[PDB]
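Visitor: model this:
(one chain, ligands or ions: 5)
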Amino acid sequence: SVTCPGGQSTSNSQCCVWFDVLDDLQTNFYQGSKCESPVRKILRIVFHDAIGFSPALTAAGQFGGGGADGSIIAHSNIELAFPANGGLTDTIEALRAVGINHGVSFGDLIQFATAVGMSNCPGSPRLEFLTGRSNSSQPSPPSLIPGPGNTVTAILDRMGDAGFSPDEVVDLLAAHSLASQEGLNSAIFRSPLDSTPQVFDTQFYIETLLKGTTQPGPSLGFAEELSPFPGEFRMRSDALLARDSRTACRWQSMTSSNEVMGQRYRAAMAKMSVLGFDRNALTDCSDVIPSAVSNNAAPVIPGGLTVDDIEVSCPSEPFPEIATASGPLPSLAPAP
Ligand code: HEM
Ligand SMILES: *[C@@H]1O[C@H](CO)[C@@H](O[C@@H]2O[C@H](CO)[C@@H](O)[C@H](O)[C@H]2NC(C)=O)[C@H](O)[C@H]1NC(C)=O
Ligand SMILES: *[C@H]1O[C@H](CO)[C@@H](O)[C@H](O)[C@@H]1O
Ligand SMILES: [Ca+2]
Ligand SMILES: [Ca+2]
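Guide: Residues are numbered from 1 along each chain as shown. Ligands and ions are numbered 1, 2, ... in the order given. Below you will find the coordinate block:
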C-alpha cells in the first residue's frame, strides 16, 4: 500500500526505516548478506535478550525482565557479565551503532537482525518481523539464561517460566543448526554443533542423537560431551535434551523434515520475539524480510554412521528413514 522513498513497497510506513537498516546490516554486519558468525552471534543475542523475562520473579514481587526489550544492548554493561553472555560484546557494539544510526529501538533491531540474518542462511523460514517495541529497558535480572550445564529439568523450568513448553524449547533449538561454540572449548574455536552450520536444516537434531564417540579437542571444555565425529562439538544440554523423555519425541520429529522444523521454529521465534510486549501493539513489517535461498540438500546421517548409531530416544515412534552417506566420518571445519 505504501511506498517508501526507495520505491520499496510495504504495508505500513513504519516499515520504511527498516529498509535502510536492511541494507546496512546486509552490507556491513552481515558482510554481504552472508550466513556466518554474525548471524550466529545475533541468534544468541536474540535469545538472551528475550529470555530475560520471568513471570515467576514478577509474581515474587520483583522485576522479572522486559523480554525482547534490547536490554542486552542498552544494559550490556550488566548483561554481558552474565555467564551465558560471553563472546557477544563485539556483536552487541555493532548492533548498538546500527540502532543509534538508524534510530530504531534496540529490541526491534535485535529481532530485525535475527530475521535478516536467518534470511541469509539457506533453508531458513521467513521469520516474522514486528516493529514498535519501546527502546526503554531495565537490565535483565541475572540467572535467567539457560546454561549448557543445566539439567533438562532446570532448562524446561526456566524456559517454561518465560512461557515456552518443552516442545517449544526443542523448536527454538533449531537455531543450533546454525551454530558453533567459541567460549566452551578455546582449543576448537567455532567447532560447529552440526555438520551444516551454514544451512538451517535438521542436521543438528540428527547428529545430537548419534552416539558420542569423539572428543573433538585435546581436552573437554565447559559442558562438553563426546560428539559423533571430529570437529563437531556437543554441549551437554543438547545431548540431554535429545534424549530426555520430555523432549525426545519432539527432537526426533525434527529430524526428517526441514519444512516442519522451519514452521515450528518460526512460530517459536515469533513467540519469543514479543516476550514483554503485546504483539497486537506492534506493526507487522515482515515483508521487509526476504525469503532465504532454499536448501535442496536432504537430511542425512553423516559419515557412514547408520540408524544403529542413533540413540533413539522417543520410545513410541520409529526413527525416521534418513539417508546415510559413505564413510569415513567427516571432520567438520570450523564454522566460518
Ligand atoms: C535451550 C537452551 C540453550 C542452551 C543451554 C544454549 C547454549 C549455548 C551455548 C553454551 C553456546 C555456545 C556459545 C559459545 O561458546 O560460543 C550456544 C551457541 C549458540 N546458540 Fe544456544 N543455547 C540454547 C538455546 C538457544 C536458542 C533458543 C537459540 C536461538 C534461537 C540459540 C542460538 C545459538 C546459536 C546460533 C549459537 C551459535 C553461536 C556461534 O556460532 O557463535 N541457542 N548455545
Ligand atoms: C535507545 O536507548 C539507548 C539508551 O539506553 C540510547 O543509546 C544511547 O544513544 C546515545 C545517543 O546516541 C549514545 O551517546 C549512547 O552511547 C547510547 N547508549 C547506549 C547504552 O547504547 C539510544 O540512542 C536509544 N535509541 C533511540 C532510537 O532512541
Ligand atoms: C578434522 O578436520 C577439520 C578441518 O578440516 C578440523 O576442524 C577438525 O578439528 C578435525 O581436525
Ligand atoms: Ca532483554
Ligand atoms: Ca545445520
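Visitor: domain-wise, how is this protein divided?
Guide: With domains defined by curated CATH domains, the chain comprises 12-145+269-296, 146-268+297-336.
Visitor: turn these into a markdown table, columns for mean neighbour count and distance to ligand 3.
Guide: C-beta here means a position set from N, CA and C on the backbone, and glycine is covered the same way. A markdown table is the format used below for the domains of the chain (neighbours: other Cβ atoms under 10 Å; distance: least, Cβ to the nearest ligand atom, whole Å):
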| stretch | mean neighbour count | distance to ligand 3 |
| --- | --- | --- |
| domain 12-145+269-296 | 20 | 15 |
| domain 146-268+297-336 | 19 | 2 |
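Visitor: now the ones you listed in JSON lines, with distance to residue 2?
Guide: Formatted as JSON lines, the domains of the chain follow (distance: least, Cβ to Cβ, whole Å):
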{"stretch": "domain 12-145+269-296", "distance to residue 2": "5"}
{"stretch": "domain 146-268+297-336", "distance to residue 2": "25"}
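Visitor: among those, which is nearest residue 1?
Guide: Among those, the nearest to residue 1 by Cβ to Cβ is domain 12-145+269-296 (7.6 Å).
Visitor: what distance separates the closest one from the middle of the whole chain?
Guide: Put simply, domain 12-145+269-296 sits 11 Å off its chain's centre (Cα atoms, centre = their mean, to the nearest Å).
Visitor: how long is that domain end to end?
Guide: 34 Å (Cα to Cα, to the nearest Å).
Visitor: what of stretch 290-299?
Guide: Stretch 290-299 end-to-end distance (Cα to Cα) = 24 Å.
Visitor: can you pull the residues of the stretch 51-200 of the chain lying near ligand 1?
Guide: 87, 146-148, 155, 169, 172-173, 175-176, 178-184 (Cβ under 6 Å from any ligand atom).
Visitor: ok, whatever residue of the stretch 201-336 of the chain ends up closest to ligand 4 - contacts?
Guide: As assessed by Cβ to the ion, ligand 4 sits closest to residue 276 within the stretch 201-336 of the chain, at 7.3 Å. Residue 276 sits next to 50, 53, 65-69, 133 when contact means Cβ atoms under 8 Å, 6 or more residues apart in numbering.
Visitor: which of the residues you listed are close to ligand 4?
Guide: residue 69 (Cβ under 5 Å from the ion).
Visitor: ok, the contacts of residue 276 vs ligand 5, which is closest?
Guide: Ligand 5 lies nearest to residue 50 out of the contacts of residue 276, by Cβ to the ion, at 21.7 Å.
Visitor: within range of ligand 2, give me the residues from the stretch 51-200 of the chain.
Guide: Residues of the stretch 51-200 of the chain lying close to ligand 2 (Cβ under 6 Å from any ligand atom) are 74, 96, 99-100, 103-106, 135.
Visitor: can I get these in TSV including secondary structure and distance to residue 237?
Guide: Converted to TSV, those look like this (DSSP: H, G, I helix; E, B strand; the rest coil; distance: Cβ to Cβ, whole Å):
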residue	secondary structure	distance to residue 237
74	helix	28
96	helix	29
99	helix	30
100	helix	34
103	coil	38
104	coil	32
105	coil	31
106	helix	27
135	coil	32
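Visitor: mind listing the strands for the stretch 151-300 of the chain?
Guide: For the stretch 151-300 of the chain, strands defined by DSSP state E, counting those that start in this stretch occupy the ranges 180-181, 191-192, 224-225, 234-235, 283-284, 300-301.
Visitor: list the helices and strands the last one packs on?
Guide: In this case it means strand 300-301. For strand 300-301, the packing partners by 3 or more Cβ pairs under 8 Å, 6 or more residues apart in numbering; DSSP states H and E come out as helix 203-208, strand 323-324.
Visitor: please apply the same query to the fourth one.
Guide: Judged by 3+ Cβ pairs under 8 Å, 6+ apart, the packing partners of strand 234-235 are strand 224-225.
Visitor: the strand it packs on pairs with which strands, and in what direction?
Guide: Next to strand 224-225 in the sheet, as set by DSSP bridges, lie strand 234-235 (antiparallel).
Visitor: hmm, back to that, including distance to residue 31, could the helices and strands packed on strand 300-301 go into TSV?
Guide: Converted to TSV, these look like this (distance: least, Cβ to Cβ, whole Å):
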stretch	distance to residue 31
helix 203-208	24
strand 323-324	33
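Visitor: residue 336: which of these is closest?
Guide: Using Cβ to Cβ, the helices and strands packed on strand 300-301 put helix 203-208 closest to residue 336, at 16.2 Å.
Visitor: what packs against that closest one?
Guide: Applying 3+ Cβ pairs under 8 Å, 6+ apart, one finds that helix 203-208 contacts helix 236-243, helix 248-254, strand 300-301.
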